[PDB]
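As the structure lists them, so they are numbered: ligands from 1, and atoms in each ligand from 1. Lettering follows sequence order; numbering is per chain, from 1.
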Protein chains: 2
Amino acid sequence: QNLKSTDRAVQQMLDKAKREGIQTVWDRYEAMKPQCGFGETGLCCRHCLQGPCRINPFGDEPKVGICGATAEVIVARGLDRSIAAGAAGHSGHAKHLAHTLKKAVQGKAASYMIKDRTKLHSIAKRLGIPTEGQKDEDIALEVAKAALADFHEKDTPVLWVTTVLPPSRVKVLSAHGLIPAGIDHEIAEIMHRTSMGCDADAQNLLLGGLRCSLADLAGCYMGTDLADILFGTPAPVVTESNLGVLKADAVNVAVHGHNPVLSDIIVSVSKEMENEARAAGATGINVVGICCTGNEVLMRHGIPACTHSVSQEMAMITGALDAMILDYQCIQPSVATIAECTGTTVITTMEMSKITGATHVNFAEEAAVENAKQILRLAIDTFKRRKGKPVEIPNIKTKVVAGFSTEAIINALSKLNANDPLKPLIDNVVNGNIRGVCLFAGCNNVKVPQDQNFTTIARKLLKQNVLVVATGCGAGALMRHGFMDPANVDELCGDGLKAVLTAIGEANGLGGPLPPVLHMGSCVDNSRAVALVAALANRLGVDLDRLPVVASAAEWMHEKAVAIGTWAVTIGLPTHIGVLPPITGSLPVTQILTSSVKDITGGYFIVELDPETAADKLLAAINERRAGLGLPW
Amino acid sequence: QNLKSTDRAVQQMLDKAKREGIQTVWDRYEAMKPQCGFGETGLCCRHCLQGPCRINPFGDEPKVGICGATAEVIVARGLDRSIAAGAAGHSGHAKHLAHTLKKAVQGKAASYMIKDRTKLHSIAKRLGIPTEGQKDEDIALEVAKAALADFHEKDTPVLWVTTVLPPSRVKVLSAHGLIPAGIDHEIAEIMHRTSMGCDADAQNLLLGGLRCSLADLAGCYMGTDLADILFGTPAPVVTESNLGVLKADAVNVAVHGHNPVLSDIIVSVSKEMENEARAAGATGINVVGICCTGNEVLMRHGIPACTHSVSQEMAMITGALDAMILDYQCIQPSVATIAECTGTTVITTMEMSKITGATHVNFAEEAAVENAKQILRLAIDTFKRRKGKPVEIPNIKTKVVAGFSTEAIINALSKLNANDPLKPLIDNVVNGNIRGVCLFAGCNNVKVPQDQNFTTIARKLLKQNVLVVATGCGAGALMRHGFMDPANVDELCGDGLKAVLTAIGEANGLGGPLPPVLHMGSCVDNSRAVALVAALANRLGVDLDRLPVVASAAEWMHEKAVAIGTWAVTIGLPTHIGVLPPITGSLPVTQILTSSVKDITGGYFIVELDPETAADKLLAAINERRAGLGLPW
Ligand code: SF4
Ligand code: SF4
Ligand code: FES
Ligand code: FES
């Protein structure tokens, strides 16, 4: 089971699932080998009914699609559609929050409100929305209307691109026509240009994809902005992660998916309903998090993370998981089947995200508290059905310090230098106590032993004094292996990194260092890391493609992560990817994405499947930037 | 060569290509067999990097995708993405025209203008735009702004859906939540819900697809509306089709693609440049049409159709084709390679539609006449390079009567009954001179001998007194085989259909009948057939799912046609498809699309690959509607 997952709680539940006969994601993967080489390399097209068309990676015919599409067109078209699909996910999430804020400040959804008035005012100021003399409700109404307006063409480009990056970066991107005109506009134009008998030039296609990845960036940043206004900007919190956060004696409720508009209410309402839970014989309601919506309520409220990504089924295998409350994105549809064996109530809540066999509760912001009570009563019913049964909850869990928004990080640094908070961080880069910054992002992937690339690369970078930040299931992996525990700084961090983490933590009254890895939130909260990097570039007066900053999608899976990986490159970052995207069937395309893009944006993809080699390549990339700034290394 | 194409001019050029060693679409198809059974049935998913996932149609594992996606989810998700891609094509075309009209009436593009003031006024009246007391420039500005506003969410639903269908049809669709909120909104929400770990319910997914097909409808209708305003509503025209419309002694220029904003200017400017052409030794400029943009300039100006769809390469094989001017959609990228052997100048003009190896001319409406002259000079240069060479133009061509817009058809009927023009058509339905109406739409497909299903089904329906109308390459197929020639009415049409076509034509001063098939325009002009059917339903006071009207995508290929086929079903039509979409790997989905959808919209798909059986099944469907109205049959 140790070739499946490096998580010990996960290995325990794999043994249970095996002997109970519950098929898992690793079983379904096994039943799928050997996988199709055509798809794996991207030499397959089904964009019309003359297809499917395949091209042999090597050898004789077929060498070309039926319409004449070459290998590089087919490969670039497929990649473009994954970027567009990822943008569509991050944009739908952000759109839903834009409507929720509009509804709230029009008096249409009283469960929702402007919780972070400071953030609302900086966002409105960043957008050129006038604040002085206006009600908060009116400023927020303007901000929501600007959010919705970035989805279509208008007099301006997408403001959640052009106002969040340094003007020098906006200029480099404009010169190549990469600035999105509208979020859903770019998504549609990609689907258009990649359909049969349209765009058939690899460079033209990939330039369209870079622009569409920036539409994804805009969706990510807008999602983070709106969630912070609605639900509070994260600040440092202490909690726990992994399966031992389940409690056999409580109604255990998992919030699972990506959009917190739902789960944040569940967190609030579940406290209300503790007495109703005690009456059925529970200690209370134990809300826990899965995937990125769990990270949302982890960053804001300190809700313990139960599990992530490829291993989500394992939470139900315990037999303790009474309800699993789903919005959308990255939910294995297998949970609906597996619940018939485990007793779990699987509840979908979102109109466009249903799973056959799951209970659906039609959630409306106008009725959020009504719906949350309805949902938590079903969980309480489910606990009663198992009241008495034996559960197997692995007694495994780690301590997690999280909540490192960009504002929290700046505030933390401001305790060493009140008037120039970025300077202490930069000073320690210059003198070498911080070699550079690495952002770990993205999913787990069944092809990679769970968390193996994340921890291996993280261990090597930290020993080399890299400041490591993390998001999404990359944060999930690092946290479940103790990387968000300050007590492991001594083991994990090099002396220079140790000193800076200790100096910052001691100055924030903790008598102890910051955690070895800074948890910056969910997948859309990759935009937080953009805000920090942009702030550092602006403070040093250079473009982002000169900073010693890199990214690692170490075990990535989802179309969202392809989009994220692609705008990481487009804003100027060397960007490591740990699972091959379907690109190797075309060397010209591979050459564009790993080398030639450097001359366009200054970022590039680093393809490397072996995590030790990946760490070396990421340190090289970081050290190359240091030398480019004239620093020692 | 007669198993490849039933077109004799096409068979001639296949012989030439064979002996000159030019590989063709049929050669590339041959080199691709046997095709992948997984893709062919829709049991293949590449929506994440854990994939590709395949499911065995029959037998043992794999039975399920790695994440747990079942066969019906995977199949429904793939179909949903093809509908979204088709909508994105039809919507991008319509969007480009909306901007062109905005630019024109703001004085920014003088080559463009309001050519059909009557149509502009009915459209504005249909939309609730006030006309009385307003300038045309201002009314048009309002119409363009409404067009652009149907792409995103607003206070109203998509008006190019809700104002073009009978209120009863809008009600049936609303009750199931099928009304699009915004065109690019639906495209994005489809890409969202079909991405990994989202919507996993076949019925929920397909309901999203029906709604997205209506976004495609809106794009089609908006494209037709704007093109008519900009370039004139078609009225009956006489011209010719097939390869013998090339002239060895002239500069032969093909307009190819779908968007006429470009080609309509070429038609105008090419007349200006005849003397420049004579100076190089040509008789003049011979502009001809390929695919749907050729149909556009065929409907409006009588430009001869040269060829269509699967056989477009064959135009270059003649050696006479000096330039091929491309916008986007359905252009085989092979033309860029084949031009190195034939001397043809292949010119792309659209920013998001480039082909490696082709000359690009950056077209701007602001500079249209400049660009057209630039492009036609390159054609004239190309004629000079071949001045003297032997060309092989098959001396094959048919007579084509076309230009049957819905307004032209109504005008034609108005000569038999001035105050109730639809009544003569309805009278002849009731008494049986017209059994019903069949709309042939969509592409050719290399899997089907070119035009074989179109002509076979057409022959059987016409003998049974079906009024047949046609669009896109279905019109292209029927016209190239003589079905737009009034001289074939006696051979082709049953006596009852013959009488009605003769009565209408004799009343329009032709001393002769209407053609055996009414050519209603390009693919977006399938919306014209909606307008006629809607007008007939409104005149009879029934919903569209009670009219003896059917559709045939007899040899369909493109994602656009999947979307078209799907909104044909969604507005209530029995809809025959002549090539299997990737749906047979899931019986539940197949059952929804061929039977169970009847209870939702009243339309349904008719899967039938044998054209004689298809004709029988379409007559059955038509006769079932007749009986439902109480008519004889
Ligand atoms: S678009 Fe081209 S390569 Fe793709 S399936 Fe159609 S014919 Fe084959
Ligand atoms: S979404 Fe599911 S079925 Fe599709 S590739 Fe990913 S794991 Fe396989
Ligand atoms: S042929 Fe296997 S992925 Fe297409
Ligand atoms: S395995 Fe062949 S189409 Fe996917």
(request) Give the total of protein N/O/S atoms at a distance below 2.8 Å from atom 2 (Fe) of ligand 1. (result) 1
(message) Can you see whether A:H558 engages A:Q329 through a side-chain donor-acceptor pair at a distance of less than 3.5 angstrom?
(response) no
(message) Measuring from atom NE2 of A:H258 to atom CG of A:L326, what distance do you get when rounded to the nearest 0.5 angstrom?
(response) 12.0 Å
(request) Compute whether any side-chain donor of one residue and acceptor of the other, for B:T356 and A:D201, lie under 3.5 angstrom apart. (result) yes
(request) Could you tell me whether the side chains of A:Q450 and A:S5 share a donor-acceptor contact shorter than 3.5 Å? (result) yes
(request) For A:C44, take its heavy atoms, then give the atoms of ligand 3 lying under 4.0 Å from any of them. (result) 3 (S), 4 (Fe)
(request) Under 4.0 Å, heavy atoms only, figure out whether ligand 2 is touched by the backbone of B:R77, its side chain, both or neither. (result) side chain
(request) Using heavy-atom distances, let me know which of B:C45, A:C53, B:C36 sits nearest atom 1 (S) of ligand 3. (result) B:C36
(message) If you compare all heavy atoms of A:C443 against all heavy atoms of A:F454, which two are closest, and at what distance to 0.1 Å?
(response) O-CE1, 3.4 Å
(request) Considering the heavy atoms of A:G39, write down every atom of ligand 3 situated less than 4.0 Å from one of them. (result) 3 (S)
(request) Taking atom types as modelled, find out whether B:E555 and B:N453 have a side-chain donor-acceptor pair closer than 3.5 angstrom. (result) no
(message) Is it the case that the side chains of A:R28 and A:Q332 hold a donor-acceptor pair, with the cut-off being a distance below 3.5 Å and no angle test?
(response) yes
(message) For the SG atom of A:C523 and the NZ atom of A:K560, what is their distance to the nearest 0.5 Å?
(response) 5.0 Å
